[PDB]
Each structure stands twice: as C-alpha cells, then as structure tokens.
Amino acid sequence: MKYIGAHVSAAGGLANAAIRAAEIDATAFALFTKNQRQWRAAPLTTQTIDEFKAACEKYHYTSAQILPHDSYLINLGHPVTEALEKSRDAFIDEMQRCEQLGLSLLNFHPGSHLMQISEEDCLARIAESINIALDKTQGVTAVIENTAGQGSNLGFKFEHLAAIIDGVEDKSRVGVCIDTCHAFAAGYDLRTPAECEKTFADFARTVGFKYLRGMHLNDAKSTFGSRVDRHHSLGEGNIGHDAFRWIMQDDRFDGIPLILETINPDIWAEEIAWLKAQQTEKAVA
C-alpha cells in the first residue's frame, strides 16, 4: 500500500493539519510542529496533544503515515560549536515534540559547513547530533532528507547520507527521505524511466532501500544539476510527469509517507488523486 499526501498547514493548531489532510483525501501528511524561527517553542500542552491525536485517529492517520519536518534554521553540522549546541537543543526539542504527539519519524536536512569546516568533519558533526538526540528520546527515527546542495548545504550526494548513517550508533532509528526536486537539482536525473532506475540503483548501492522512510514528490522549477531548490507542481517543471508515474508503480515506495511539497495547494487534492491513479494506469517502463 502507498500513503500519499502533502505538507499541509498547522495554522490554528496541530490538529488542523490532520483535518486539512482529510479534506484533500490524503492518506499521509507532513507538518511543522512549531513556528520555524523560534529557538525554543512553548511546550506542547496536554490539550494540543489530545486534539492532535483525536484528529489523527478520526481520519485514520497512524504514525507510519505522518512525516513531520524540522525547522530550516537547525544546522546539525554547524562549524561554530556554540551554534551547533543550540541547533542540537532545538533538534532534541523537535524530537521530543514528536514523541509527545505519538509520531515516530522526523524529517530534516542534514546541515551546512559555512565554508569553515571540511565536508568530512561536517558530516561527522551531523551523525553525532543524531546520536545525542537518539540518546535523549525514544521511539522516533531521525529521517535525513537529501538536498539540492545550495550554498554550503550537504546531503546533495547519496554518499553524504551513507556517511552520516555510518556514524550513527543506533541505526534502527536513522533513515532517509528522498525529495525528487532536490535529487534532480543535485544532478540525479529523473526525466525518463531509465534515468529513474539509474538514480535509484545509485541510491541502492550507496545507502540502500532498507533506510528509505519517506519521499517528497516535487517537480522542479530549477534545472538539472543547478543546485538550486525551487519546487514545481507535478508535470509543470523540468522533471515532468513520468518520474511520478514510475515511483507510483514501484513497490519499493510502499508503506512510507509520500509527501507533496508542490507550490499550488489549490490543486493538492487533484495531485493526490492523479498519483493514486498512476499505480494501476498504463504501465511505464
């Protein structure tokens, strides 16, 4: 079974994310559990937690179907150790919020070296950040998202993801999420079925599908290899519709949240319905 949805708004409270997902007939969703800017969020109340859990149960969203995203301001590889510690504090807080909400996954971009430390050293700092958070929480898997590679952001090569995982002690609570826009921007082609298979065999050799815990299904406004992160609605960007048919027809993408971060929320219900239909419509190679 595939689980298909969108990164919906949590405006008016976390439970409204589940309600919004249900209104677009999603079978998965993503959300932020707090505003991104605030270093430290007011603690979750018992009232917020119960309303969230009640809405998830009303609309049949289990923990396996929900892929929260951390704040973009967290840098788990920060070269300034005092800033690293503040990012680690925020990440532990985000992981604790997930635990309190009954969530089992947390998706995050790995980090950035700010031209002050080597790639190797930044990746090692990120693995240690994960280890710290996993020692301070229970039941939540740290899901590393690949990136477009803008600026000094790491995670644009699959080998980066594998290097982080190698440094994680409890590998049962680490995984990865592949964002199709990010992959394409980083130079992994997706424009034909053959190219999709080439990209995912590379993923299999370097990381392995045993670590795959989510996908972000985005077309790309930016161009191939541009190392620019600009999403587009399915079919409207430079990837095109065939990659998404290919993903929907491949059983390796079952059982995990498949999340739109496409740029027109008015068509999310149509994008979700189209994705569901491609599972059984005309086969691509």
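In this text, residue numbers run from 1 along the sequence as written.
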Mean C-alpha B factor from the entry: is it higher for 67-75 or for 125-133?
125-133
Is the mean CA B factor in the deposited entry higher across 113-121 or across 193-201?
113-121
Compare the CA B factors listed in the entry for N218, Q47, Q249, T223 and report the winner.
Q47
Specify which of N153, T180, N107, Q138 carries the largest Cα B factor in the deposited PDB entry.
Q138
Among all modelled residues of this chain, ranked by Cα B factor, put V174 in the bottom, middle or top third, i.e. lowest, middle or highest.
middle
Where the record places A54 (Cα B-factor, split into thirds across the chain):
highest
Entry-reported Cα temperature factor of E159, expressed as the chain third it lands in
middle
Sorting the chain's CA B-factors, does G255 end up in the lowest, middle or highest third?
middle
Looking at the entry's B-factor column for C-alpha atoms only, identify whether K86 ranks in the lowest, middle or highest third of its chain.
highest
